[PDB]
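Structure file start-v7.txt; described as compact mmCIF, C-alpha atoms and all ligand atoms.
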```
# COMPACT_ATOMS: atom_id res chain seq x y z
CA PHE A 18 -66.42 48.32 26.05
CA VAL A 19 -69.25 45.81 26.67
CA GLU A 20 -70.13 45.98 22.95
CA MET A 21 -66.92 43.94 22.47
CA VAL A 22 -67.21 41.53 25.40
CA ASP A 23 -67.59 37.90 24.31
CA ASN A 24 -66.97 38.69 20.62
CA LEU A 25 -64.59 35.70 20.23
CA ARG A 26 -65.71 32.17 19.34
CA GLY A 27 -63.96 28.95 18.36
CA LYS A 28 -63.44 25.25 19.00
CA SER A 29 -60.73 23.61 21.10
CA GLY A 30 -57.52 23.27 19.12
CA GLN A 31 -58.92 25.32 16.18
CA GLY A 32 -58.16 28.92 17.32
CA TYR A 33 -60.26 31.93 18.29
CA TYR A 34 -62.12 33.95 15.72
CA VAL A 35 -63.92 37.28 15.55
CA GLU A 36 -66.55 38.35 13.03
CA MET A 37 -65.28 40.86 10.45
CA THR A 38 -66.67 42.49 7.31
CA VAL A 39 -64.84 43.23 4.12
CA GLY A 40 -65.76 45.34 1.07
CA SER A 41 -68.86 47.28 -0.01
CA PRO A 42 -71.45 46.09 0.53
CA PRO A 43 -70.08 44.31 3.65
CA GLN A 44 -69.26 40.59 3.40
CA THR A 45 -69.26 38.94 6.85
CA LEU A 46 -66.36 36.56 7.64
CA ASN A 47 -65.00 34.70 10.66
CA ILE A 48 -61.35 35.52 11.14
CA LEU A 49 -58.83 33.80 13.36
CA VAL A 50 -57.17 36.22 15.78
CA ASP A 51 -53.41 35.77 15.64
CA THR A 52 -50.90 37.79 17.67
CA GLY A 53 -48.22 35.58 16.11
CA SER A 54 -48.27 37.01 12.58
CA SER A 55 -48.95 40.30 10.78
CA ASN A 56 -50.84 39.42 7.62
CA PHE A 57 -54.53 39.93 7.15
CA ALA A 58 -55.60 37.10 4.82
CA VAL A 59 -58.98 35.63 3.85
CA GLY A 60 -60.12 32.73 1.70
CA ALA A 61 -61.14 34.07 -1.74
CA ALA A 62 -62.00 30.83 -3.54
CA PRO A 63 -64.48 28.02 -2.85
CA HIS A 64 -62.21 25.62 -0.94
CA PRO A 65 -64.46 22.75 0.14
CA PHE A 66 -63.69 23.33 3.87
CA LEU A 67 -64.89 26.92 3.84
CA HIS A 68 -68.28 28.16 5.03
CA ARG A 69 -67.77 31.36 3.01
CA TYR A 70 -65.09 33.34 1.23
CA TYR A 71 -64.20 36.83 0.07
CA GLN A 72 -65.73 37.56 -3.32
CA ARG A 73 -63.82 40.56 -4.70
CA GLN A 74 -66.07 40.84 -7.81
CA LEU A 75 -68.87 41.95 -5.43
CA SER A 76 -66.99 44.87 -3.94
CA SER A 77 -67.11 48.55 -5.07
CA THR A 78 -64.20 49.52 -2.86
CA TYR A 79 -61.83 46.69 -3.78
CA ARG A 80 -58.44 47.67 -5.27
CA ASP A 81 -55.84 45.39 -6.76
CA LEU A 82 -52.18 45.75 -5.73
CA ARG A 83 -51.13 43.32 -8.45
CA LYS A 84 -48.59 41.62 -6.15
CA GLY A 85 -48.49 38.00 -5.04
CA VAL A 86 -47.87 36.96 -1.45
CA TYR A 87 -46.77 33.67 0.09
CA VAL A 88 -46.98 32.77 3.82
CA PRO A 89 -45.93 29.52 5.60
CA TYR A 90 -46.71 29.19 9.31
CA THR A 91 -45.55 26.45 11.73
CA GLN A 92 -47.59 24.22 9.62
CA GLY A 93 -49.84 25.47 6.88
CA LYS A 94 -49.09 27.70 3.99
CA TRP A 95 -51.23 29.82 1.75
CA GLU A 96 -50.63 31.95 -1.31
CA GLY A 97 -52.58 34.99 -2.40
CA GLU A 98 -53.08 38.22 -4.25
CA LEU A 99 -52.78 41.52 -2.40
CA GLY A 100 -55.46 44.20 -2.52
CA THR A 101 -56.98 46.70 -0.20
CA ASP A 102 -60.64 47.20 0.70
CA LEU A 103 -62.85 48.61 3.45
CA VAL A 104 -62.98 46.62 6.72
CA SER A 105 -65.11 46.54 9.90
CA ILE A 106 -65.46 44.60 13.12
CA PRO A 107 -69.21 44.57 13.97
CA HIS A 108 -68.60 43.75 17.68
CA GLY A 109 -65.61 46.09 17.80
CA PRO A 110 -65.08 49.82 17.52
CA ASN A 111 -67.49 51.86 15.43
CA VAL A 112 -65.24 52.47 12.41
CA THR A 113 -64.31 51.32 8.91
CA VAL A 114 -60.77 51.37 7.53
CA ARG A 115 -58.96 50.66 4.29
CA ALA A 116 -56.67 47.69 4.92
CA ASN A 117 -54.37 45.39 3.06
CA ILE A 118 -56.06 42.05 2.48
CA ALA A 119 -54.45 38.93 1.05
CA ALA A 120 -57.05 37.12 -1.02
CA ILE A 121 -56.02 33.50 -0.48
CA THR A 122 -56.20 31.69 -3.84
CA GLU A 123 -54.12 28.58 -3.01
CA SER A 124 -53.41 26.97 0.36
CA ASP A 125 -51.78 23.86 1.83
CA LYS A 126 -52.81 22.34 5.16
CA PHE A 127 -53.93 25.77 6.28
CA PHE A 128 -57.72 25.70 6.64
CA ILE A 129 -59.11 23.25 9.20
CA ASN A 130 -61.76 20.81 8.00
CA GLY A 131 -64.72 21.32 10.31
CA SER A 132 -63.70 24.80 11.45
CA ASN A 133 -65.88 27.85 11.12
CA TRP A 134 -63.23 30.44 10.21
CA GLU A 135 -62.27 31.65 6.75
CA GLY A 136 -59.25 33.89 7.33
CA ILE A 137 -56.58 35.05 9.72
CA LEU A 138 -55.90 38.44 11.34
CA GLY A 139 -52.21 38.91 11.97
CA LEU A 140 -51.98 41.39 14.86
CA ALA A 141 -48.19 41.62 15.21
CA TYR A 142 -45.79 44.19 13.66
CA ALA A 143 -44.84 45.16 10.09
CA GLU A 144 -41.33 43.75 10.48
CA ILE A 145 -42.63 40.18 9.99
CA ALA A 146 -45.30 40.94 7.38
CA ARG A 147 -44.94 39.30 3.94
CA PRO A 148 -43.73 40.05 1.29
CA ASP A 149 -42.04 42.73 3.41
CA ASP A 150 -42.46 45.41 6.05
CA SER A 151 -44.00 47.92 3.64
CA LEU A 152 -47.23 45.93 3.82
CA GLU A 153 -48.91 47.89 6.62
CA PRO A 154 -50.55 45.41 9.06
CA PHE A 155 -54.25 45.69 9.81
CA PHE A 156 -53.91 47.20 13.28
CA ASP A 157 -51.35 49.81 12.12
CA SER A 158 -53.92 50.89 9.46
CA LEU A 159 -56.64 50.92 12.12
CA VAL A 160 -54.69 53.28 14.41
CA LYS A 161 -53.42 55.63 11.63
CA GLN A 162 -56.90 56.18 10.13
CA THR A 163 -59.04 56.44 13.25
CA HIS A 164 -58.91 57.61 16.86
CA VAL A 165 -58.82 54.07 18.22
CA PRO A 166 -56.03 54.01 20.89
CA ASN A 167 -52.95 51.93 20.02
CA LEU A 168 -53.87 49.06 22.33
CA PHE A 169 -55.93 45.84 22.31
CA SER A 170 -56.46 43.13 24.90
CA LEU A 171 -57.37 39.48 24.89
CA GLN A 172 -59.32 37.38 27.37
CA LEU A 173 -59.18 33.86 25.93
CA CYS A 174 -61.67 31.82 27.96
CA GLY A 175 -61.05 28.22 26.78
CA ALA A 187 -65.78 21.64 22.88
CA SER A 188 -66.54 25.30 22.12
CA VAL A 189 -64.42 28.18 23.34
CA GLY A 190 -65.26 31.84 23.90
CA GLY A 191 -63.47 35.07 24.76
CA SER A 192 -63.10 38.80 24.17
CA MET A 193 -60.97 41.03 22.02
CA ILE A 194 -61.22 44.60 23.32
CA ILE A 195 -59.84 46.82 20.58
CA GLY A 196 -58.57 50.21 21.73
CA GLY A 197 -58.89 49.66 25.45
CA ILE A 198 -59.18 47.62 28.58
CA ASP A 199 -62.24 46.25 30.36
CA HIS A 200 -61.42 45.95 34.07
CA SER A 201 -64.41 43.66 34.40
CA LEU A 202 -62.43 41.02 32.50
CA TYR A 203 -59.77 40.70 35.18
CA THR A 204 -59.12 40.62 38.93
CA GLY A 205 -56.20 42.12 40.85
CA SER A 206 -53.68 44.21 39.05
CA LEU A 207 -52.08 44.24 35.61
CA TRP A 208 -48.33 43.61 35.54
CA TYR A 209 -46.39 44.60 32.46
CA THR A 210 -43.37 43.18 30.71
CA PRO A 211 -41.48 45.10 27.97
CA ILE A 212 -41.96 44.25 24.33
CA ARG A 213 -38.26 43.55 23.61
CA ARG A 214 -38.66 44.24 19.87
CA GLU A 215 -41.60 45.18 17.63
CA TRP A 216 -41.76 42.27 15.21
CA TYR A 217 -43.53 39.43 17.02
CA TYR A 218 -44.74 40.24 20.52
CA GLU A 219 -41.40 39.43 22.04
CA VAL A 220 -40.80 39.33 25.75
CA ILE A 221 -38.07 38.03 28.09
CA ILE A 222 -38.66 35.20 30.55
CA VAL A 223 -36.16 35.41 33.38
CA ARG A 224 -36.94 32.46 35.65
CA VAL A 225 -39.16 29.33 35.71
CA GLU A 226 -40.63 27.29 38.64
CA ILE A 227 -42.68 24.10 38.98
CA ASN A 228 -44.77 24.19 42.16
CA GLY A 229 -42.19 26.70 43.44
CA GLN A 230 -38.91 24.99 42.53
CA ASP A 231 -36.49 26.87 40.30
CA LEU A 232 -34.78 25.04 37.38
CA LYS A 233 -31.39 26.70 37.91
CA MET A 234 -30.97 26.92 34.14
CA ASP A 235 -29.12 29.81 32.57
CA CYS A 236 -32.09 32.12 31.91
CA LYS A 237 -30.74 32.35 28.32
CA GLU A 238 -32.19 28.84 27.81
CA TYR A 239 -35.70 30.29 28.15
CA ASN A 240 -35.44 32.85 25.36
CA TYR A 241 -33.35 31.00 22.72
CA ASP A 242 -33.80 32.38 20.19
CA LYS A 243 -36.92 34.25 21.36
CA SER A 244 -39.95 34.18 23.60
CA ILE A 245 -43.24 35.44 22.21
CA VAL A 246 -46.92 35.83 22.99
CA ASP A 247 -48.89 34.00 20.33
CA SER A 248 -52.66 33.55 20.31
CA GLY A 249 -52.47 31.53 17.05
CA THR A 250 -50.60 28.76 18.91
CA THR A 251 -52.42 26.36 21.21
CA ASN A 252 -49.62 25.09 23.41
CA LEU A 253 -47.16 26.36 25.91
CA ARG A 254 -44.13 25.55 23.78
CA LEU A 255 -40.79 25.40 25.65
CA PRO A 256 -37.38 24.65 24.23
CA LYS A 257 -36.08 21.08 24.61
CA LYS A 258 -33.98 21.28 27.80
CA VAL A 259 -36.75 23.27 29.42
CA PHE A 260 -39.52 20.80 28.42
CA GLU A 261 -37.88 17.61 29.79
CA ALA A 262 -37.05 19.41 33.02
CA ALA A 263 -40.66 20.51 33.59
CA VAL A 264 -42.27 17.10 32.99
CA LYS A 265 -39.51 15.70 35.24
CA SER A 266 -40.76 18.11 37.92
CA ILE A 267 -44.54 17.70 37.25
CA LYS A 268 -44.33 13.88 36.97
CA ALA A 269 -42.61 13.99 40.36
CA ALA A 270 -45.16 16.32 42.05
CA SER A 271 -48.05 14.30 40.59
CA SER A 272 -46.56 10.86 41.32
CA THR A 273 -49.27 9.24 43.45
CA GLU A 274 -51.19 8.19 40.36
CA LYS A 275 -49.33 6.30 37.62
CA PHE A 276 -49.57 7.90 34.17
CA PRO A 277 -48.58 6.43 30.74
CA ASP A 278 -45.69 7.83 28.67
CA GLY A 279 -48.08 8.62 25.80
CA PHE A 280 -49.79 11.21 28.02
CA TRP A 281 -46.69 13.36 28.55
CA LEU A 282 -45.94 13.20 24.81
CA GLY A 283 -49.52 14.48 24.38
CA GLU A 284 -50.74 11.30 22.68
CA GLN A 285 -52.72 9.49 25.34
CA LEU A 286 -55.51 10.69 27.63
CA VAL A 287 -56.39 10.41 31.32
CA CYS A 288 -60.04 9.80 32.28
CA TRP A 289 -61.84 10.38 35.61
CA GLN A 290 -65.48 10.62 36.70
CA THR A 294 -60.36 14.78 38.76
CA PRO A 295 -57.79 15.02 41.59
CA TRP A 296 -56.81 18.60 40.76
CA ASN A 297 -54.38 19.21 43.61
CA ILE A 298 -52.36 16.20 42.45
CA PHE A 299 -50.97 18.60 39.86
CA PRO A 300 -48.43 21.45 40.31
CA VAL A 301 -48.68 25.13 39.39
CA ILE A 302 -46.22 26.33 36.67
CA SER A 303 -44.56 29.77 36.87
CA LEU A 304 -42.89 32.08 34.40
CA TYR A 305 -41.10 35.17 35.71
CA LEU A 306 -41.11 37.97 33.18
CA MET A 307 -38.90 41.02 32.86
CA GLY A 308 -40.71 43.92 34.57
CA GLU A 309 -40.84 47.64 33.86
CA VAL A 310 -38.02 48.62 36.21
CA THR A 311 -34.34 47.70 36.34
CA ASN A 312 -33.92 44.47 38.43
CA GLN A 313 -37.68 44.11 39.03
CA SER A 314 -39.68 41.15 37.63
CA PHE A 315 -43.11 39.58 38.21
CA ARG A 316 -44.52 36.10 37.83
CA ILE A 317 -47.42 34.49 36.11
CA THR A 318 -48.66 31.19 37.44
CA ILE A 319 -50.94 28.64 35.69
CA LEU A 320 -53.08 25.90 37.29
CA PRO A 321 -53.59 22.29 36.07
CA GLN A 322 -56.93 23.56 34.67
CA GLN A 323 -54.79 25.42 32.06
CA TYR A 324 -52.06 23.08 30.77
CA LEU A 325 -54.51 20.14 30.86
CA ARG A 326 -56.78 20.56 27.80
CA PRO A 327 -60.25 18.92 28.16
CA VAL A 328 -60.60 16.60 25.13
CA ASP A 337 -64.32 13.49 31.74
CA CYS A 338 -60.88 13.33 30.05
CA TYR A 339 -57.72 15.49 29.66
CA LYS A 340 -54.77 16.31 27.34
CA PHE A 341 -51.32 17.45 28.54
CA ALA A 342 -50.88 20.73 26.63
CA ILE A 343 -47.22 21.60 27.26
CA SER A 344 -44.99 20.49 24.40
CA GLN A 345 -41.47 20.82 23.00
CA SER A 346 -40.50 23.74 20.73
CA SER A 347 -37.72 24.78 18.36
CA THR A 348 -37.97 28.48 17.53
CA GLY A 349 -38.06 29.79 21.12
CA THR A 350 -40.68 29.91 23.86
CA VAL A 351 -44.23 30.44 22.58
CA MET A 352 -46.80 31.49 25.10
CA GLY A 353 -49.87 30.16 23.34
CA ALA A 354 -53.46 29.74 24.45
CA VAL A 355 -52.28 27.41 27.26
CA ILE A 356 -50.62 30.41 28.89
CA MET A 357 -53.09 33.09 27.71
CA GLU A 358 -56.22 31.22 28.91
CA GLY A 359 -55.21 31.86 32.53
CA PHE A 360 -54.85 35.59 31.97
CA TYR A 361 -56.23 38.81 30.56
CA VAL A 362 -53.49 39.92 28.16
CA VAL A 363 -53.02 43.60 27.25
CA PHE A 364 -51.06 44.34 24.11
CA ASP A 365 -50.05 47.85 24.98
CA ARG A 366 -48.47 48.80 21.68
CA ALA A 367 -48.27 52.54 22.54
CA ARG A 368 -45.93 51.81 25.46
CA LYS A 369 -43.96 48.84 24.10
CA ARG A 370 -45.28 46.52 26.79
CA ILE A 371 -47.60 43.60 27.44
CA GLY A 372 -49.75 43.35 30.55
CA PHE A 373 -50.83 40.24 32.41
CA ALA A 374 -53.57 39.95 35.04
CA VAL A 375 -55.61 37.13 36.48
CA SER A 376 -58.51 36.47 34.11
CA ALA A 377 -62.02 36.62 35.55
CA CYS A 378 -62.97 33.67 33.30
CA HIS A 379 -60.12 31.26 33.88
CA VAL A 380 -61.24 27.86 35.03
CA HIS A 381 -60.18 27.73 38.66
CA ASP A 382 -60.79 25.93 41.86
CA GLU A 383 -62.20 26.29 45.39
CA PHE A 384 -58.59 25.65 46.56
CA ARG A 385 -56.42 27.54 43.99
CA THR A 386 -56.29 30.28 41.34
CA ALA A 387 -54.00 31.21 38.46
CA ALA A 388 -51.86 34.14 39.60
CA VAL A 389 -49.74 37.12 38.71
CA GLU A 390 -47.60 38.70 41.41
CA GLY A 391 -44.65 41.01 42.08
CA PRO A 392 -42.45 42.78 42.34
CA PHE A 393 -39.56 40.30 42.59
CA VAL A 394 -35.88 41.13 42.56
CA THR A 395 -34.02 39.48 39.75
CA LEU A 396 -30.64 40.62 38.49
CA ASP A 397 -29.08 40.47 35.02
CA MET A 398 -32.41 40.41 33.19
CA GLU A 399 -30.65 41.68 29.99
CA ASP A 400 -28.35 38.67 29.67
CA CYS A 401 -31.55 36.58 29.50
CA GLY A 402 -32.37 37.11 25.81
CA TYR A 403 -30.30 35.90 22.81
CA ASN A 404 -28.71 38.77 20.92
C1 LIG B 501 -49.72 26.94 15.14
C2 LIG B 501 -49.45 28.06 14.12
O1 LIG B 501 -48.57 27.95 13.27
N1 LIG B 501 -50.19 29.16 14.26
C3 LIG B 501 -50.00 30.31 13.36
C4 LIG B 501 -51.34 30.83 12.82
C5 LIG B 501 -52.23 29.67 12.35
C6 LIG B 501 -51.84 28.92 11.26
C7 LIG B 501 -52.62 27.86 10.82
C8 LIG B 501 -53.78 27.56 11.48
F1 LIG B 501 -54.53 26.53 11.05
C9 LIG B 501 -54.17 28.30 12.60
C10 LIG B 501 -53.40 29.36 13.03
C11 LIG B 501 -49.24 31.42 14.08
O2 LIG B 501 -49.21 32.58 13.24
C12 LIG B 501 -47.80 31.00 14.44
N2 LIG B 501 -47.11 32.20 14.93
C13 LIG B 501 -45.64 32.15 14.89
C14 LIG B 501 -45.11 31.11 15.90
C15 LIG B 501 -43.66 30.72 15.53
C16 LIG B 501 -42.62 31.83 15.78
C17 LIG B 501 -42.05 31.00 16.94
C18 LIG B 501 -43.01 29.85 16.62
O3 LIG B 501 -43.58 30.15 14.22
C19 LIG B 501 -44.10 30.94 13.22
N3 LIG B 501 -43.64 30.75 11.97
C20 LIG B 501 -44.09 31.45 10.93
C21 LIG B 501 -45.07 32.43 11.12
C22 LIG B 501 -45.57 33.23 9.92
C23 LIG B 501 -44.69 34.41 9.56
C24 LIG B 501 -45.14 34.94 8.19
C25 LIG B 501 -44.82 35.56 10.58
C26 LIG B 501 -43.24 33.93 9.47
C27 LIG B 501 -45.58 32.66 12.40
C28 LIG B 501 -45.10 31.90 13.46
```
Show how you would write the structure in this file as structure tokens.
Amino acid sequence: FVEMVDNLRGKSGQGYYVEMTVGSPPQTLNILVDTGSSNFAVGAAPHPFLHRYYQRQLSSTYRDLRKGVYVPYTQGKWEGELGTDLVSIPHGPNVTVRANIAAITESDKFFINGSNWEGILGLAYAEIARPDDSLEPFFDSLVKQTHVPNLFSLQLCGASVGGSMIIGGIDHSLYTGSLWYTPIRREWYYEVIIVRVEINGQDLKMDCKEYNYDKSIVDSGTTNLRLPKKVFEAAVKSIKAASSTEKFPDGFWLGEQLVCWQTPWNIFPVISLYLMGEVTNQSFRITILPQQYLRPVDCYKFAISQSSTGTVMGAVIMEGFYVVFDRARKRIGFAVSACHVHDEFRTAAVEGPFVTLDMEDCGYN
């Protein structure tokens, strides 16, 4: 799968993109890779921020669906016209498929000024597609029309970022140790269940329901580890305590201020999420280093932040790990990334099995 290794580019805070082609003849575009949504959408008009855009008039294979589509994210909304056309990933599998494409014709605080991407690839399930679940998501179309296995994996490497999207398989060269899998609780977002949390090794004795209210998801289109309220205060409480030996401003834990050195790494704790495992009463844990939740912006940004719609395991989480979206078996795999920025002293980690009871009662119903 070395054809696909290192096919992801980006800039810190601006997402990860892959090169795609649309229409005949092929128009090359950079497309943000987003496991947190299920629309395939590309700029189709000359918005001043865009390096390029989809020009339907140039395409033999374009077909109008004569439906409008609207999509608001956490922030950012766009509106568009649905169509289908032929699509390829040059540094991906050797195929071409007909896919739904939203030609973005109006947007609001969506495109990033200074970014080098022109669209977004929603990789999650139909259930959350707009206007509705009859709009077959890209990856569903990819699997139905080719012999590409129903699986993709992400090694997000973390001012320029790099990484790999392996479509249809796994590249064992992108990780060390063993993959550990957690069930996809439901096929809409990539929903999982967190069952326990630990800073430097200390539990938080919270009802595990507080971790998955109203959901926990794996989202590559989100930068931060985003915890619910209770959970966020508790974890800074614990990190501020473990790291107290150097005084840090309040702006820095709000993610406003910066720290600058010429970096006492082991001043800072590891953070640990236990995930529901494959077997009744068995879990595993994933552990991130300071080198993960501290975003280089020799200065650093605290990258854990409060949330509101559930836990979101964003690039802060995913940059420590190789993440396998095993859609065929309703599960997501985590393994230590071979590219994660580590340490002579420490590493990010994933280990098990652990015994943890009542893992069902952990997710909101
Ligand atoms: C930070 C952010 O919102 N990133 C988005 C993609 C994105 C948007 C703009 C941008 F400039 C870069 C990436 C992700 O798609 C967010 N993913 C989840 C993340 C959550 C779900 C829990 C937090 O909020 C979302 N709300 C709406 C959508 C779109 C929908 C059509 C599926 C309802 C998705 C999400």
Kindly indicate which residue among A:287, A:160, A:220, A:129 lies nearest to ligand LIG 501 (chain B), using only C-alpha atoms and all ligand atoms for the distances.
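Looking at the shortest contact to ligand LIG 501 (chain B), the residue is A:129.
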Please identify all polymer residues lying at most 9 Å from the point (-60.4, 30.8, -7.4) (file coordinates), using all atoms listed in the file, and present the result as a PyMOL selection string.
chain A and resi 61-64+121-123
Next, the residues of the selection above should be written as a PDB file, in the frame of the given file with C-alpha atoms.
```pdb
ATOM      1  CA  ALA A  61     -61.140  34.070  -1.740  1.00  0.00           C
ATOM      2  CA  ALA A  62     -62.000  30.830  -3.540  1.00  0.00           C
ATOM      3  CA  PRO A  63     -64.480  28.020  -2.850  1.00  0.00           C
ATOM      4  CA  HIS A  64     -62.210  25.620  -0.940  1.00  0.00           C
ATOM      5  CA  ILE A 121     -56.020  33.500  -0.480  1.00  0.00           C
ATOM      6  CA  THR A 122     -56.200  31.690  -3.840  1.00  0.00           C
ATOM      7  CA  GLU A 123     -54.120  28.580  -3.010  1.00  0.00           C
TER       8      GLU A 123
END
```
Nearby residues (only C-alpha atoms) at most 7 Å from residue 314 of chain A, same-chain spacing under 5 positions excluded, as a list in words:
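Once the adjacent positions are removed, what remains is residues 305, 306, 307, 308, 391, 392, 393, 394 and 395 of chain A.
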As number ranges by chain, please: every protein or nucleic acid residue near ligand LIG 501 (chain B) (cut-off 8 Å, counting only C-alpha atoms and all ligand atoms).
A: 31-32, 49, 51-56, 88-94, 126-129, 137, 139, 145-147, 217, 243-245, 247-251, 346-351
For the residues in the current selection, export C-alpha atoms as a PDB file, keeping the file's coordinate frame.
```pdb
ATOM      1  CA  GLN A  31     -58.920  25.320  16.180  1.00  0.00           C
ATOM      2  CA  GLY A  32     -58.160  28.920  17.320  1.00  0.00           C
ATOM      3  CA  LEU A  49     -58.830  33.800  13.360  1.00  0.00           C
ATOM      4  CA  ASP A  51     -53.410  35.770  15.640  1.00  0.00           C
ATOM      5  CA  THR A  52     -50.900  37.790  17.670  1.00  0.00           C
ATOM      6  CA  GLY A  53     -48.220  35.580  16.110  1.00  0.00           C
ATOM      7  CA  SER A  54     -48.270  37.010  12.580  1.00  0.00           C
ATOM      8  CA  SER A  55     -48.950  40.300  10.780  1.00  0.00           C
ATOM      9  CA  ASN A  56     -50.840  39.420   7.620  1.00  0.00           C
ATOM     10  CA  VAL A  88     -46.980  32.770   3.820  1.00  0.00           C
ATOM     11  CA  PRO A  89     -45.930  29.520   5.600  1.00  0.00           C
ATOM     12  CA  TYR A  90     -46.710  29.190   9.310  1.00  0.00           C
ATOM     13  CA  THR A  91     -45.550  26.450  11.730  1.00  0.00           C
ATOM     14  CA  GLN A  92     -47.590  24.220   9.620  1.00  0.00           C
ATOM     15  CA  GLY A  93     -49.840  25.470   6.880  1.00  0.00           C
ATOM     16  CA  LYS A  94     -49.090  27.700   3.990  1.00  0.00           C
ATOM     17  CA  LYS A 126     -52.810  22.340   5.160  1.00  0.00           C
ATOM     18  CA  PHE A 127     -53.930  25.770   6.280  1.00  0.00           C
ATOM     19  CA  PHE A 128     -57.720  25.700   6.640  1.00  0.00           C
ATOM     20  CA  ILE A 129     -59.110  23.250   9.200  1.00  0.00           C
ATOM     21  CA  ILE A 137     -56.580  35.050   9.720  1.00  0.00           C
ATOM     22  CA  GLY A 139     -52.210  38.910  11.970  1.00  0.00           C
ATOM     23  CA  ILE A 145     -42.630  40.180   9.990  1.00  0.00           C
ATOM     24  CA  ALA A 146     -45.300  40.940   7.380  1.00  0.00           C
ATOM     25  CA  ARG A 147     -44.940  39.300   3.940  1.00  0.00           C
ATOM     26  CA  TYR A 217     -43.530  39.430  17.020  1.00  0.00           C
ATOM     27  CA  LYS A 243     -36.920  34.250  21.360  1.00  0.00           C
ATOM     28  CA  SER A 244     -39.950  34.180  23.600  1.00  0.00           C
ATOM     29  CA  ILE A 245     -43.240  35.440  22.210  1.00  0.00           C
ATOM     30  CA  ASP A 247     -48.890  34.000  20.330  1.00  0.00           C
ATOM     31  CA  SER A 248     -52.660  33.550  20.310  1.00  0.00           C
ATOM     32  CA  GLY A 249     -52.470  31.530  17.050  1.00  0.00           C
ATOM     33  CA  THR A 250     -50.600  28.760  18.910  1.00  0.00           C
ATOM     34  CA  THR A 251     -52.420  26.360  21.210  1.00  0.00           C
ATOM     35  CA  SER A 346     -40.500  23.740  20.730  1.00  0.00           C
ATOM     36  CA  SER A 347     -37.720  24.780  18.360  1.00  0.00           C
ATOM     37  CA  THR A 348     -37.970  28.480  17.530  1.00  0.00           C
ATOM     38  CA  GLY A 349     -38.060  29.790  21.120  1.00  0.00           C
ATOM     39  CA  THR A 350     -40.680  29.910  23.860  1.00  0.00           C
ATOM     40  CA  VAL A 351     -44.230  30.440  22.580  1.00  0.00           C
TER      41      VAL A 351
END
```
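Separating atom CA of residue 43 of chain A from atom CA of residue 196 of chain A is a distance of 22.2 Å.
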Interatomic distance (Å, one decimal) between atom CA of residue 226 of chain A and atom CA of residue 212 of chain A
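So the answer is 22.2 Å.
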Using Å and a single decimal, report how far atom CA of residue 187 of chain A sits from atom CA of residue 327 of chain A.
8.1 Å
Is it possible to add N, CA and C atoms to segment 349-361 of chain A and hand it back as an mmCIF file, in the coordinates of the input?
```cif
data_model
loop_
_atom_site.group_PDB
_atom_site.id
_atom_site.type_symbol
_atom_site.label_atom_id
_atom_site.label_comp_id
_atom_site.auth_asym_id
_atom_site.auth_seq_id
_atom_site.Cartn_x
_atom_site.Cartn_y
_atom_site.Cartn_z
ATOM 1 N N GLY A 349 -38.074 28.975 19.912
ATOM 2 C CA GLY A 349 -38.060 29.790 21.120
ATOM 3 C C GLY A 349 -39.227 29.400 21.985
ATOM 4 N N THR A 350 -39.444 30.122 23.086
ATOM 5 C CA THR A 350 -40.680 29.910 23.860
ATOM 6 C C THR A 350 -41.875 30.590 23.154
ATOM 7 N N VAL A 351 -43.011 29.900 23.145
ATOM 8 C CA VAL A 351 -44.230 30.440 22.580
ATOM 9 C C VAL A 351 -45.272 30.331 23.667
ATOM 10 N N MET A 352 -45.742 31.478 24.119
ATOM 11 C CA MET A 352 -46.800 31.490 25.100
ATOM 12 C C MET A 352 -48.084 31.508 24.280
ATOM 13 N N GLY A 353 -48.675 30.332 24.142
ATOM 14 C CA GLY A 353 -49.870 30.160 23.340
ATOM 15 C C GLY A 353 -51.071 30.192 24.238
ATOM 16 N N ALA A 354 -52.203 29.733 23.715
ATOM 17 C CA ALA A 354 -53.460 29.740 24.450
ATOM 18 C C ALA A 354 -53.415 29.020 25.804
ATOM 19 N N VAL A 355 -52.487 28.077 25.958
ATOM 20 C CA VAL A 355 -52.280 27.410 27.260
ATOM 21 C C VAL A 355 -51.918 28.403 28.354
ATOM 22 N N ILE A 356 -50.981 29.295 28.036
ATOM 23 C CA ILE A 356 -50.620 30.410 28.890
ATOM 24 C C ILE A 356 -51.726 31.464 28.960
ATOM 25 N N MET A 357 -52.172 31.942 27.799
ATOM 26 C CA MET A 357 -53.090 33.090 27.710
ATOM 27 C C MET A 357 -54.481 32.824 28.275
ATOM 28 N N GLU A 358 -54.894 31.556 28.352
ATOM 29 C CA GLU A 358 -56.220 31.220 28.910
ATOM 30 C C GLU A 358 -56.340 31.381 30.426
ATOM 31 N N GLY A 359 -55.204 31.530 31.104
ATOM 32 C CA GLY A 359 -55.210 31.860 32.530
ATOM 33 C C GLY A 359 -55.288 33.362 32.789
ATOM 34 N N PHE A 360 -55.036 34.167 31.760
ATOM 35 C CA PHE A 360 -54.850 35.590 31.970
ATOM 36 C C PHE A 360 -55.589 36.479 30.984
ATOM 37 N N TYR A 361 -55.849 37.704 31.424
ATOM 38 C CA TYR A 361 -56.230 38.810 30.560
ATOM 39 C C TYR A 361 -54.907 39.407 30.049
#
```
